[PDB]
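Chemist: before I ask anything, here's the sequence and the deposited coordinates:
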Amino acid sequence: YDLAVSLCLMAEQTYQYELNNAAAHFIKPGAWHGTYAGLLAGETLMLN
Amino acid sequence: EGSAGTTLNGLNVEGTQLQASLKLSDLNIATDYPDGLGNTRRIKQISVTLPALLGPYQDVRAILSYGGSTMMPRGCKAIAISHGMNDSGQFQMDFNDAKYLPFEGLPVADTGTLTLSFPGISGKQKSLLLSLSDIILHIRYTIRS
Amino acid sequence: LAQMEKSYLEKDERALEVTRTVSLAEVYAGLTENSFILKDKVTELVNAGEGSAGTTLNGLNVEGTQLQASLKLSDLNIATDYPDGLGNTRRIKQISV
Amino acid sequence: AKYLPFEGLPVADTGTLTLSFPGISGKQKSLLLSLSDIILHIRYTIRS
């Protein structure tokens, strides 16, 4: 989960550099709900 | 020892490194066209032409550097001029590259400092600097709406 | 694999690709120890297929029927051709003759 | 995709670069006699 959210942040930084807009925040904070042991994190990241 | 012109728009000799500066905001690039065609006018790619009399199988040593505060993803900050004739640093420079080209995405109307530094002004590149006609850049930029 | 891939993507930068054309006759003339003229040493060693040229690691030698010309890469001062503020991993990309 | 020859060699190493001509007295005798000089196109890459 740490590695894939780092890759998604890499892609978000790439999109914000390509389209000249620093406010395009597409990866929502969260998606690792520890009380359900972080399930569906890949579903939320695929959605983003 | 000396320099040339004002700061940010002229030459300077620093030790054994002749460097030529340029302020990109003073070139009026974004107003070369009407503004009805897009405001995101970013630099695509820059190559340097130095039409001097190079020696036989003789190299040029020069770095087209950038001074400023933009993002500029990685080592795309500067190129090294070795061919001297309409070249970037890249062997077989290829547009539509998967990686980022150097100087890509720089805002063409920014207040940056574009510095071309020659290592070894008094060394083996003394006659080459003496035989220099003028400095010519191929700044290619992209307007997008 | 994803750890190593993410580290590669985070630590990969573009380049600084420098072509350096080196004429061996210049190095053989500015050898400062048993320096010589290449065009005369080649015909000397061809018409007399026994001798060598200059010191070891920086000169010619005839070995049987194989004329070989040596060169020590440390003696060419390639890494100090530029300031060291632009990177230390200065590795050879490609060589052609 | 494959590695080019002489790729990744440290440009400041204490190596020995040898250019060997087979057949100095054979058919490559006149070619060695007609040699002007030896010139290498060493292309190297600086990386931070």
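Modeler: Looks like it came in fine. Numbers count the residues shown, from 1 in each chain, chains lettered A, B, ... in the order given.
Chemist: OK, contacts around residue C:95?
Modeler: Listed by CB atoms under 8 Å, 6 or more residues apart in numbering or on different chains, the contact partners of residue C:95 are D:5, D:6, D:40, D:41, D:42, D:43. For every residue, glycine as well, the C-beta is placed using N, CA and C.
Chemist: how many residues are close by the second one?
Modeler: Here the number of neighbours of residue D:6 (other CB atoms under 10 Å in any protein chain shown) works out to 16.
Chemist: next up, phi/psi of residue 42, please.
Modeler: All of this is about chain A. For residue A:42, the backbone dihedrals are phi -70, psi -30 (criterion: degrees, to the nearest 10).
Chemist: that's the wrong chain, I meant chain C
Modeler: Torsion angles, degrees, to the nearest 10, at residue C:42: phi -70, psi -40.
Chemist: residue contacts, it?
Modeler: Residue C:42 neighbours (CB under 8 Å, 6+ apart): C:60, C:67, D:32, D:33, D:35.
Chemist: closest to chain B among these?
Modeler: residue D:35 (14.8 Å; CB to the nearest CB).
Chemist: just the buried ones from the contacts of residue C:42?
Modeler: C:60, C:67, D:32, D:35 (16 or more other CB atoms under 10 Å in any protein chain shown).
Chemist: for residue 36, what are its contacts?
Modeler: The chain I'm using is chain A. So residue A:36 contacts nothing (CB under 8 Å, 6+ apart).
Chemist: my bad, the chain I had in mind was chain B
Modeler: Residue B:36 neighbours (CB under 8 Å, 6+ apart): none.
Chemist: so it, which state does it fall into?
Modeler: Secondary structure state of residue B:36, per DSSP: H, G, I helix; E, B strand; the rest coil, is helix.
Chemist: find the closest residue to chain A in chain B.
Modeler: residue B:40 (4.6 Å).
Chemist: next: chain C.
Modeler: For chain C, CB to the nearest CB, closest residue to chain A: residue C:2, 4.7 Å.
Chemist: which residues touch the spatially closest residue to residue B:5 that is not a sequence neighbour?
Modeler: Spatial nearest neighbour of residue B:5, excluding adjacent residues (CB to CB, 6 or more residues apart in numbering or on different chains): residue B:11 at 7.2 Å. Going by CB under 8 Å, 6+ apart, residue B:11 touches B:3, B:4, B:5, B:18, B:19, B:20, B:21.
Chemist: the second one reaches residue B:19, doesn't it?
Modeler: So the one you mean is residue B:4. No. Between residue B:4 and residue B:19 there is no contact under CB atoms under 8 Å: 10.5 Å.
Chemist: what is the residue nearest to residue B:5 paired to in the beta sheet?
Modeler: On the basis of DSSP bridges, residue B:11 is bridged to residue B:20.
Chemist: what about residue 20, neighbour count?
Modeler: Assuming you mean chain A. Neighbour tally, residue A:20, other CB under 10 Å: 14.
Chemist: wrong chain, I was asking about chain C
Modeler: Neighbour tally, residue C:20, other CB under 10 Å: 18.
Chemist: just residue C:1 next, same as before
Modeler: 6.
Chemist: next one: it from residue C:8, what distance?
Modeler: 11 Å (CB to CB, to the nearest Å).
Chemist: contacting residues for the residue of chain B closest to chain A?
Modeler: If you count contacts by CB under 8 Å, 6+ apart, then residue B:40 has A:20, B:143, B:144, B:145 around it.
Chemist: which stretches of chain A form helices?
Modeler: A:2-18, A:41-47 (DSSP state H).
Chemist: can you classify whatever residue of chain C ends up closest to chain B by secondary structure?
Modeler: Here chain C gets closest to chain B at one residue, residue C:13, 3.2 Å apart by CB to the nearest CB. Under three-state DSSP, the three-state class of residue C:13 is coil.
Chemist: I am finished for the moment; much appreciated.
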